[PDB]
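Heads up, the thing below is written out as structure tokens.
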2 protein chains.
Amino acid sequence: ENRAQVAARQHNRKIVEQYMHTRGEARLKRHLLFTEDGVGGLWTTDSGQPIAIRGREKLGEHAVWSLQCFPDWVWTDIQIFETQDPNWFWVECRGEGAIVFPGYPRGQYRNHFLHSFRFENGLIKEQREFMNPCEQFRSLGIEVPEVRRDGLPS
Amino acid sequence: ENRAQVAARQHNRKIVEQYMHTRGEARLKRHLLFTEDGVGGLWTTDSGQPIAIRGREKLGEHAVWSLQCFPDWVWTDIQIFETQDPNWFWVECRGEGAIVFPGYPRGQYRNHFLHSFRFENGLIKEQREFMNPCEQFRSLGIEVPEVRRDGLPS
Ligand SMILES: O=C(c1ccccc1NCCN1CCOCC1)c1c(-c2ccc(O)cc2)sc2cc(O)ccc12
Ligand SMILES: O=C(c1ccccc1NCCN1CCOCC1)c1c(-c2ccc(O)cc2)sc2cc(O)ccc12
């Protein structure tokens with residue numbers, strides 16, 4: 001069983017590496033790193049609910065949208081964490097690039113990110129992006145509310 | 001070398017488990033799980049900058065404040081991830097409890113969390129909490145801005 005777990009982890013790590021370094025037009029084929037029923041998306045949003053992209057087909061459509069609205073995006077400072085589960089990885093990184101959201105001024109978006117990658121039979125079954133939405137608000141020119149700190153220790 | 005790394009990982013995991021299940025008055029001694037120069041705090045805030053608590057002494061003072069403003073806090077649904085670094089762990093969990101911030105109505109705070117734990121010589125050198133601040137806004141009655149989705153694929 002260890003042989004099977006070790007083999008899975010080494011292969012899966014390569015897929016995480018490839019995913020995190022896919023840029024430009026290659027993003028339009030990255031849905032092929034997912035299972036047919038794979039899920040990706042953003043788990044930290046203004047609503048408090050994830051926005052999940054369900055299925056390899058919808059993931060490929062989302063990649064077209066993402067390439068338009070984040071046309072020059074790069075992940076940076078990438079740290080890949082294997083876990084005791086050979087099919088579960090975490091990634092800490094930063095990311096930056098233009099943000100071109102419908103109805104908002106063109107902006108520059110920078111943030112810190114955590115990504116979760118869960119695998120099934122050599123491909124990504126679930127990818128989840130976690131960030132601070134306040135920084136995406138800022139990139140869009142949306143006012144960020146401020147918790148009053150006057151009564152808090154400083 | 002492997003024997004030392006295995007031993008470190010097994011000990012550090014016990015510390016993560018202890019940290020995540022420390023409640024009530026025991027929180028006032030949890031700073032003793034840190035190195036003398038250990039750091040803890042919140043990496044996801046409305047300002048976009050972490051709010052770090054630096055040093056075991058200041059972590060103990062922060063615990064007094066936290067016990068007042070989060071008096072019944074519980075971490076739930078705890079998943080501890082070991083990594084290839086025996087001194088680096090990640091935790092995915094939820095959390096819930098009253099929030100009693102100065103000058104805000106008493107509220108009920110629920111959120112999803114990721115925690116990073118980095119260890120040095122058997123104690124926590126760096127703890128970092130990551131969450132979606134929009135849910136803390138909601139718990140405090142602060143209006144959360146809404147990204148307009150009309151132009152986005154749905
Ligand atoms: O940004 C997204 C998003 C949603 C799902 C999956 C990925 C997303 N972005 C992932 C961005 N990262 C980082 C940059 O480079 C690419 C990867 C949001 C919305 C959205 C909804 C439907 C869509 O068809 C497209 C976008 S609504 C909304 C509201 C918020 O408060 C915050 C974010 C969003
Ligand atoms: O909440 C905190 C906080 C700050 C530092 C360390 C831990 C914190 N909370 C940790 C909460 N978790 C979950 C609940 O149970 C305990 C653990 C925030 C502020 C703060 C500043 C100075 C202080 O002396 C005390 C609090 S300002 C502000 C603004 C925001 O937009 C969001 C959060 C905060």
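Residues in the structure tokens are named by chain (A, B, ... in the order shown) and by number from 1 within that chain; ligands are numbered from 1 in the order shown.
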
Compute the set of chain A residues within 7 Å of chain B, using only C-alpha atoms, and express it as a list in words.
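Applying the cut-off to the listed atoms yields residues 44, 46, 48, 81, 82, 83, 84, 102, 132, 133, 134, 135, 144, 145, 146, 151 and 152 of chain A.
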
Surrounding residues of residue 87 in chain B excluding itself and chain neighbours under 4 positions, 8 Å, only C-alpha atoms, as a compact mmCIF listing (two decimals) with C-alpha atoms, in the first residue's frame:
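File produced: out_32.txt:
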# COMPACT_ATOMS: atom_id res chain seq x y z
CA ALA B 8 9.63 15.93 15.46
CA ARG B 9 6.56 15.43 13.27
CA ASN B 12 4.52 18.68 16.67
CA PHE B 117 1.79 26.17 12.21
CA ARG B 118 5.58 26.34 11.94
CA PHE B 119 7.66 24.77 14.69
CA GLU B 120 11.12 25.23 16.17

Could you please write out, as a list in words, every residue of range 54-140 of chain B that DSSP assigns to alpha helix (DSSP H)?
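The alpha helix (DSSP H) subset of range 54-140 of chain B is residues 56, 57, 58, 59, 60, 61, 62, 63, 64, 65, 66, 67, 68, 69, 133, 134, 135, 136, 137, 138 and 139 of chain B.
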
Write a file of the just-selected residues containing C-alpha atoms, as a short mmCIF file (atom, residue, chain, number, x, y, z; two decimals), in the first residue's frame.
data_model
loop_
_atom_site.label_atom_id
_atom_site.label_comp_id
_atom_site.auth_asym_id
_atom_site.auth_seq_id
_atom_site.Cartn_x
_atom_site.Cartn_y
_atom_site.Cartn_z
CA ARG B 56 5.29 34.73 23.98
CA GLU B 57 4.58 37.53 26.47
CA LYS B 58 2.41 39.50 24.05
CA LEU B 59 0.70 36.26 23.01
CA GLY B 60 -0.28 35.74 26.64
CA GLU B 61 -1.69 39.26 26.86
CA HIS B 62 -3.56 38.71 23.60
CA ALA B 63 -5.11 35.57 25.10
CA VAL B 64 -6.70 37.69 27.83
CA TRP B 65 -8.23 39.95 25.20
CA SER B 66 -9.32 37.03 23.03
CA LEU B 67 -11.04 35.32 25.97
CA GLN B 68 -13.11 38.48 26.49
CA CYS B 69 -14.05 39.13 22.86
CA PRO B 133 -13.08 38.63 6.65
CA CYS B 134 -16.51 39.12 5.08
CA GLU B 135 -17.98 36.67 7.59
CA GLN B 136 -16.43 38.59 10.52
CA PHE B 137 -17.92 41.76 9.03
CA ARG B 138 -21.32 40.03 8.99
CA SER B 139 -20.98 38.93 12.62
#

Applying 12 Å and only C-alpha atoms, which residues near residue 73 in chain A remain after dropping the ones on its own chain fewer than 2 positions away? List them as a list in words.
residues 20, 21, 22, 23, 24, 25, 27, 66, 67, 68, 69, 70, 71, 75, 76, 94, 95, 96, 97, 98, 99, 100, 108, 109, 110 and 111 of chain A

Requested write-out: N, CA, C and O atoms of the selected residues, as a compact mmCIF listing (two decimals), in the first residue's frame:
# COMPACT_ATOMS: atom_id res chain seq x y z
N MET A 20 0.19 25.18 -11.40
CA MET A 20 0.55 26.47 -10.87
C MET A 20 1.42 27.28 -11.82
O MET A 20 1.56 28.49 -11.63
N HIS A 21 2.02 26.63 -12.82
CA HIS A 21 2.88 27.32 -13.77
C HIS A 21 2.27 27.39 -15.17
O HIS A 21 2.98 27.72 -16.12
N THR A 22 0.98 27.12 -15.30
CA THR A 22 0.30 27.23 -16.59
C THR A 22 -0.10 28.69 -16.81
O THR A 22 -0.85 29.27 -16.00
N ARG A 23 0.40 29.29 -17.88
CA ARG A 23 0.17 30.69 -18.19
C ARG A 23 -0.20 30.85 -19.65
O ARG A 23 0.05 29.98 -20.47
N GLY A 24 -0.82 31.98 -19.96
CA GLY A 24 -1.13 32.28 -21.33
C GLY A 24 -2.13 31.32 -21.94
O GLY A 24 -3.03 30.81 -21.27
N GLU A 25 -1.96 31.06 -23.24
CA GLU A 25 -2.93 30.25 -23.96
C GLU A 25 -3.00 28.82 -23.42
O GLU A 25 -4.02 28.16 -23.60
N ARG A 27 -3.52 28.01 -20.54
CA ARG A 27 -4.61 27.95 -19.58
C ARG A 27 -5.87 27.38 -20.22
O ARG A 27 -6.71 26.80 -19.52
N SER A 66 -11.56 33.43 -17.56
CA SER A 66 -10.45 33.82 -16.69
C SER A 66 -9.32 34.45 -17.51
O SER A 66 -8.67 35.39 -17.04
N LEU A 67 -9.07 33.92 -18.71
CA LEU A 67 -8.01 34.47 -19.55
C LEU A 67 -8.36 35.87 -20.05
O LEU A 67 -7.46 36.67 -20.33
N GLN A 68 -9.65 36.19 -20.17
CA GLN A 68 -10.05 37.55 -20.53
C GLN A 68 -9.96 38.49 -19.32
O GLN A 68 -9.48 39.62 -19.44
N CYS A 69 -10.39 38.05 -18.15
CA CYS A 69 -10.48 38.96 -17.02
C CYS A 69 -9.20 38.99 -16.18
O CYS A 69 -9.01 39.95 -15.42
N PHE A 70 -8.33 38.01 -16.32
CA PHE A 70 -7.02 37.99 -15.67
C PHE A 70 -5.99 37.63 -16.75
O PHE A 70 -5.41 36.53 -16.75
N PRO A 71 -5.75 38.55 -17.69
CA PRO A 71 -5.06 38.14 -18.93
C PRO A 71 -3.57 37.87 -18.76
O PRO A 71 -3.01 37.12 -19.58
N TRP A 75 1.15 33.29 -10.75
CA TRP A 75 1.37 32.90 -9.36
C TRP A 75 2.86 33.01 -9.06
O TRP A 75 3.71 32.65 -9.90
N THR A 76 3.18 33.49 -7.87
CA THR A 76 4.55 33.71 -7.44
C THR A 76 4.76 33.15 -6.03
O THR A 76 3.81 32.84 -5.32
N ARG A 94 1.62 33.78 -3.68
CA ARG A 94 1.02 35.07 -4.03
C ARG A 94 0.62 35.03 -5.49
O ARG A 94 0.90 34.08 -6.22
N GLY A 95 -0.11 36.06 -5.90
CA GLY A 95 -0.50 36.18 -7.29
C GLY A 95 -0.75 37.63 -7.63
O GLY A 95 -1.08 38.44 -6.76
N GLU A 96 -0.52 37.96 -8.90
CA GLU A 96 -0.71 39.34 -9.33
C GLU A 96 -0.98 39.41 -10.82
O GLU A 96 -0.56 38.54 -11.59
N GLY A 97 -1.65 40.48 -11.22
CA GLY A 97 -1.95 40.69 -12.63
C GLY A 97 -3.08 41.68 -12.78
O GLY A 97 -3.73 42.08 -11.80
N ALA A 98 -3.30 42.07 -14.02
CA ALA A 98 -4.44 42.93 -14.32
C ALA A 98 -5.74 42.21 -13.97
O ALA A 98 -5.84 40.98 -14.07
N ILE A 99 -6.74 42.98 -13.58
CA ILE A 99 -8.09 42.48 -13.37
C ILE A 99 -9.02 43.30 -14.27
O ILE A 99 -9.04 44.54 -14.20
N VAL A 100 -9.75 42.61 -15.13
CA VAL A 100 -10.61 43.23 -16.13
C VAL A 100 -12.01 42.68 -15.94
O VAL A 100 -12.48 41.84 -16.73
N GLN A 108 -5.24 46.63 -11.10
CA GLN A 108 -4.14 45.72 -10.80
C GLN A 108 -4.49 44.99 -9.51
O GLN A 108 -4.77 45.63 -8.49
N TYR A 109 -4.49 43.66 -9.56
CA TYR A 109 -4.90 42.83 -8.44
C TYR A 109 -3.69 42.06 -7.93
O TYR A 109 -2.97 41.42 -8.70
N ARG A 110 -3.45 42.16 -6.62
CA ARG A 110 -2.40 41.40 -5.94
C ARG A 110 -3.01 40.78 -4.70
O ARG A 110 -3.79 41.43 -4.00
N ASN A 111 -2.64 39.54 -4.40
CA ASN A 111 -3.18 38.93 -3.20
C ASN A 111 -2.28 37.79 -2.75
O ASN A 111 -1.40 37.33 -3.48

Sel. of strand (DSSP E or B) residues, range 103-134 of chain B, as a VMD selection string
chain B and resid 107 to 120 123 to 131

Could you work out how far atom 12 (N, counted along the ligand's line) of ligand 1 lies from CA of residue 77 in chain A, giving the answer in Å with one decimal?
15.4 Å

Which polymer residues have any atom within 6 Å of an atom of residue 128 in chain A, counting only C-alpha atoms, with same-chain residues fewer than 5 positions away left out, as a PDB file with N, CA and C atoms, in the first residue's frame?
ATOM      1  N   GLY A  40     -13.485  23.081  -9.617  1.00  0.00           N
ATOM      2  CA  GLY A  40     -12.554  24.114  -9.221  1.00  0.00           C
ATOM      3  C   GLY A  40     -13.342  25.352  -8.835  1.00  0.00           C
ATOM      4  N   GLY A  41     -12.662  26.314  -8.249  1.00  0.00           N
ATOM      5  CA  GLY A  41     -13.306  27.592  -8.027  1.00  0.00           C
ATOM      6  C   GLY A  41     -12.773  28.295  -6.780  1.00  0.00           C
ATOM      7  N   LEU A  42     -13.558  29.281  -6.356  1.00  0.00           N
ATOM      8  CA  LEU A  42     -13.166  30.258  -5.350  1.00  0.00           C
ATOM      9  C   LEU A  42     -13.986  30.019  -4.087  1.00  0.00           C
ATOM     10  N   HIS A 115      -4.171  27.344  -1.943  1.00  0.00           N
ATOM     11  CA  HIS A 115      -4.924  26.475  -2.841  1.00  0.00           C
ATOM     12  C   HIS A 115      -4.935  25.072  -2.248  1.00  0.00           C
ATOM     13  N   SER A 116      -6.078  24.406  -2.327  1.00  0.00           N
ATOM     14  CA  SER A 116      -6.222  22.992  -1.986  1.00  0.00           C
ATOM     15  C   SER A 116      -6.395  22.197  -3.277  1.00  0.00           C
TER      16      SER A 116
END

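Closest approach to residue 14 in chain B among B:51, B:123, B:26, B:39 is made by B:123 (distances from only C-alpha atoms).
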
Atomic separation - CA of residue 18 in chain A relative to CA of residue 2 in chain B, Å
29.0 Å
